[PDB]
Structures are given as C-alpha cells and as structure tokens.
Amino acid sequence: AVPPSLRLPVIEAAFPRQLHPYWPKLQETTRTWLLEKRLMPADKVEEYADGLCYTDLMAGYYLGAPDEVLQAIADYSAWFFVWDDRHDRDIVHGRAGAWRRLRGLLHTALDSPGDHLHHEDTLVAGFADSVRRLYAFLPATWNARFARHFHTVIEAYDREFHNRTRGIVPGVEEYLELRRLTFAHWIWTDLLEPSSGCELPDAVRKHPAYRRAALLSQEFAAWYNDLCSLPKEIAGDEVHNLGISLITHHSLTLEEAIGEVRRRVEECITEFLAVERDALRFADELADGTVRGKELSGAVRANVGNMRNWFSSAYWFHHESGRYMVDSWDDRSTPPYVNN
C-alpha cells in the first residue's frame, strides 16, 4: 500500500503502468555495465543495484524505444543517479576542489565523449560511454541540443553545491526554476525523440501543446520526487526540495508543506489531462496524408504517450526503489548504496 500522504488515486486508476518488453534484458545489461565501468563497488552492485529499480523506471517511461536506445538511456540514467550520489558526497565531505574538477570534466566530455572513454575518473568514463552511444542515434543537431541542455544541468548542480555549502535554501520560485534543471526536464524530453526514432523539427516540438504537455510531465515527476524523497533529504541535510523551501520561507510546518506539495502535484495531473487532448489533436493534424506527415504524427503521438507514461513510472518507482527506503537504514543520513 502506498503511504496515504504519497498516494495519488488518479495516477493509480487513470494512468495504467506499462513495461517495455526489453526490461528483463535491460535490468541485467545495466547492472553488468555498472560493474564493468566500476561505477559502484562489486559488493554494492550485488546487494543493491536491482533493488534500486533504475532500469524499471526508464522501461516504464520510454515505451516503443528500440532496445539499443533503451539500453543507452538506462545506462545514462543509472550514471545520473550515481552522479547525484557523488555530488552529494562531495558536498557533505566538503570536497570543493574535486567537485569543480568533475564539473569541468563533464562539460568537456559532454562535447567530446569519445576522447574520455577511458578517463581515470570512472564516473567521467561512464558518462562518456553513455553519451557517445546516445549521440549515435540521431543527427548532430539533436546531439547539440542534448549537450546545450546538459551544460545547463551541470551548472545547476554547481549552484546546488554552493547553496548547500553556504547554507542557503532557495526561495520557492528560485527553487522551482532551478528544479527544471536539477531534474533535467529537457534532457528527458530530448530523449523522447531517439525513443520514437525521429528528431522533431523545432516547429513541431515547440508547438505550445507539445511544450506544455512536456513541461507538466516533468513537473509532476520532479515534484512527486520532492514529496517522496523529502524524508531522505531532510535526514541527509539536502536543502533542495519544494517542501523544504516552503517550510523555510513560507513558515509552513512539515505537515502543511507536504500538503501544499501534494496539491501542486495533483494540479499537474489535471492540467496535463487537459493539454494532452490538445497535443493529441496536434498529432492527428500532422497526419495530412503525406509520408512525412505520417512520420511526424506517429512520433508526436508516441512522445506524448510517453509523457503520460512518465506519470505512472515515476509514481511507482518512488515506492518500489530502495533509493528512498530511509526507514530501513541504520544511519538515515548515509544511504547504504552510496560511496562514503
């Protein structure tokens, strides 16, 4: 049973889960990859990797992805969680020099991953491998957009480093803006395209209904994460969380903050349902009888279908993943799967 404070009956009833048929193989291949790239210790991979459900999350999201594309996304995603863990540990241990250097290396590797496939920092080498593979599906223009988006993500993580080091809790609106970057909204939105096999023209992916649907899917996932990961984050002195900003700057109690975050998450669902109709109408309109129109139509339809799947995959992931099971840890401040 999902804890009452985290339960969303509309998701449970109206957003039926989907699972990509490649999932079983994906689970094993990503685990093997984490080991080969030395991203986590062998004993921790054995005990925790599968229980973290990182592949499950992506396999419930990018439905219809060619297996090769799904593999690359899952590897990159598992890398992304490990980076989030490294970032946290660097901050906790006050390793400002190590963080700055990693930051600079990621910016560099992002632009030229091939050159960094065997970097001494296994986190950098892991990054380079997944990004090189991601860069092999679509034209260079998509690769450039992914890079542009991720350069922005890296810098948001830097901003987080300095907030936490300096003991600052962002204001609510400052936070909401930053969160679109720390959650990598536009990266996941970018990845819809290789998943449906088509780089969408700016005029298509920037259609207002496509844009708004894409945004709301991510706002849901990010804010729902905030809601579910709040106890783990409070315990680990993370300050980045919609609820923490509300508690700190709106004088809300924990109870009130949880309530407000819930409300905002719920509004996301019903706002998405409305714009979803417009985005699907757009997909229909693209199908104008031409070969190109049919291609674009089917790709928009698939992408919007996956925007919808993010809701259920992200929802269930927070209840299945070991990542958030802080009640199960002896030291609530130090998750067992992180390198401390």
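Don't overthink the numbering: it's just position in the shown sequence, from 1.
Relative to one another, 52-60 and 30-38 have unequal mean CA B-factors, and 30-38 is the one with the higher figure. With 71-79 and 201-209 compared on mean CA B-factor from the PDB entry, the stretch scoring higher is 201-209. As recorded in the entry, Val45 carries the highest CA temperature factor of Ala314, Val300, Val275, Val45.
The maximum CA B-factor among the listed residues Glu219, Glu174, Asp226, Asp129, taken from the PDB record, is found at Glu174. The entry lists a Cα temperature factor for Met325 that places it in the middle third of the chain's modelled residues. The PDB entry assigns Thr189 a C-alpha temperature factor belonging to the lowest third of its chain's modelled residues. For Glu233, the recorded CA temperature factor ranks within the middle third of the chain's modelled residues. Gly289: CA B factor in the highest third of modelled residues in this chain (values from the PDB entry).
Annotation for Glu256: CA B-factor lies in the highest third of the chain's modelled residues.
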